[PDB]
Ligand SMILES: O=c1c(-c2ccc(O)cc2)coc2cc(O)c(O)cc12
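Read the single chain below, which is given as structure tokens and is the form deposited without this ligand.
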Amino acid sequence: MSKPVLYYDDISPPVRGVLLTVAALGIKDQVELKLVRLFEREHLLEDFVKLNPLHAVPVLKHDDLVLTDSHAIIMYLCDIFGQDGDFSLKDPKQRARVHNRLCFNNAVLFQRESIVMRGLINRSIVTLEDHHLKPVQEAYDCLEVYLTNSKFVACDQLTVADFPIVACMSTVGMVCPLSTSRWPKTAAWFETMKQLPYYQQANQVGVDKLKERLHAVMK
């Protein structure tokens, strides 16, 4: 009927969490994309600020519904496209387990990694020291606990909560790489996620673009 429109830039880990979800749900053909290029300041145009006063990506518009957080976009796409499949959130406890880990990404992992990555990119951080990376390492410690108790981040099956987290892990991993000695379950989970058939197009392309910008700033 009516197709959701995803406003996006794939250098963003929040955006790539959604792109991974879209591919995993098999709904690439049901979700139209609209590029909003951050480095060219397209997120500050009047139309986009009216759509989202946070002037941030991703945004999903579906009819008159406007969602302005990747984690809300992901749960909504699950509800309307994934009810009868491997990513279903119909059961209340399963939905809460998944939402719990989405909150972990939004409020812990993404918050802490974004501080480091933005600071490096805007040159306010010119040398990474121990204090810069401790909050990220503490988030890795929590993730390692979760992946000791279940095979994937929210339960023993892959869920949509694995996607925002791997989008963040593949971003801050550029500056804070996983040690297999320190975080063995997280390192093995990360390698497993990288083997998903849609990982290259939905996540690695944007990671590669970010890595190029980081190398230039840091040289």
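In case it trips you up, residue 1 is the first one in the sequence shown, and so on.
The next section is about a form of this same protein that is not shown, the form solved in complex with this ligand.
By the criterion of a heavy atom within 4.5 Å, residue 50 is excluded from the residues contacting this ligand in the deposited bound form.
A residue is said to contact a partner when one of its heavy atoms sits within 4.5 Å of a partner heavy atom; residue 17 fails this definition for this ligand in the deposited bound form, lying far away.
Residue contact with this ligand in the deposited bound form: residue 110 places a heavy atom within 4.5 Å of it.
Residue 114 belongs to the set of residues with a heavy atom inside 4.5 Å of this ligand in the deposited bound form.
Contact annotation for the candidate site: 39, 43 and 210 all lie close to this ligand in the deposited bound form (heavy atom within 4.5 Å).
Heavy atoms within 4.5 Å of this ligand in the deposited bound form are found in one stretch of 116-124, 145-153, 131-139, 87-95, which is 116-124.
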